[PDB]
Every structure is written in structure tokens, then in C-alpha cells.
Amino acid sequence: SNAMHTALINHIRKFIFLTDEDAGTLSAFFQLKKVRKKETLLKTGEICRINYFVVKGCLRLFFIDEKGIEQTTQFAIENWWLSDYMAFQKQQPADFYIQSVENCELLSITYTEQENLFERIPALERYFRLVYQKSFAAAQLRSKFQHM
């Protein structure tokens, strides 16, 4: 492999069984991306096509409110995933910005590629069931604090 693909494969192997062949296959779909702090990866209104795995660093999801003030809705640190998921799944313009908080190392995959990957390596359904279950659990908690 390389360090970034290794990070992703290791994380996946925490949760599911993955052969070496599967690891190569899966890796081909994911692109290495290095960004400096405060680099914008997605803007409100742009078609959202990309899901990010955070190898190193910190991403934030935010929008601009009626006063022109940035409101950050969440972060994603190492081993977490981020996109504007409604826009990603519907293949439509984003509600949110995505921007790096620190220098980051990311792996990126497109919607179409991720859909193919689910078909090719169906074990990944369990990995992403776990990722999304945990992400949603975290979002529920954030709402409690956002309502406080």
C-alpha cells in the first residue's frame, strides 16, 4: 500500500473481514488528498459528489447564516468520514461548506464509485452501517447541546 490507504484498510478491518485482494480493489477507488488548513473542499450550492475519510487532521462542516456568520455544524477528526450526506446521496447542490481546520491527509471517493464498491465488496455494507450508526448517534447528542 501507502500510509493513507493503509490507514483506511486498518480502520475497515476493525469492523469487517477483508482479504488482501479486497484491500487492493477498495484502495483503487480512493484518492489521496493533502490540504492546508482553511482549504475549502465544498461550497454551499456546488454539486456534492465526494465522501472524505480523514487520515490525519480535522475537517469541518459549516454554513453561512442570515447575518453572514459561519456556523459550524460538526467536525470530523482522524478515522471519521465527512460529506454533506443529503447532497451526496441525492447527487445535488450542497447545503454546506466543507473546509479543513488543520492540515489534513484525506482519502476521497465519489458517490458513483462508492456505489460500485458496495456492489463489488458487499462486506463494506457492515463497515458503513457502523460508521453511519456512530455518526448519527454523535449527531443526536450534538442536537441536545445545540438545543441548549
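Residue indices: 1-based, along the sequence shown.
*Asks:* On average, are the C-alpha B-factors higher in 15 to 23 or in 126 to 134?
*Replies:* Higher mean C-alpha B-factor: 15 to 23.
*Asks:* Taking only the Cα B-factors deposited for this chain, tell me whether residue 2 sits in the lowest, middle or highest third.
*Replies:* Tercile = middle for this residue's CA B-factor.
*Asks:* Comparing against every modelled residue in the chain, figure out the third that the C-alpha B-factor of residue 55 lands in (lowest, middle or highest).
*Replies:* Middle third, going by the recorded CA B-factors of the chain.
*Asks:* Going by the CA temperature factor in the PDB record, which third of the chain does residue 40 belong to: lowest, middle or highest?
*Replies:* CA B-factor rank for residue 40: highest third.
*Asks:* Sorting by Cα B-factor within the chain, modelled residues only, which third would residue 102 end up in: lowest, middle or highest?
*Replies:* Highest third - that is where residue 102 ends up once the chain's C-alpha B-factors are sorted.
*Asks:* What third of the chain does residue 46 rank in for C-alpha temperature factor, lowest, middle or highest?
*Replies:* Tercile = highest for this residue's CA B-factor.
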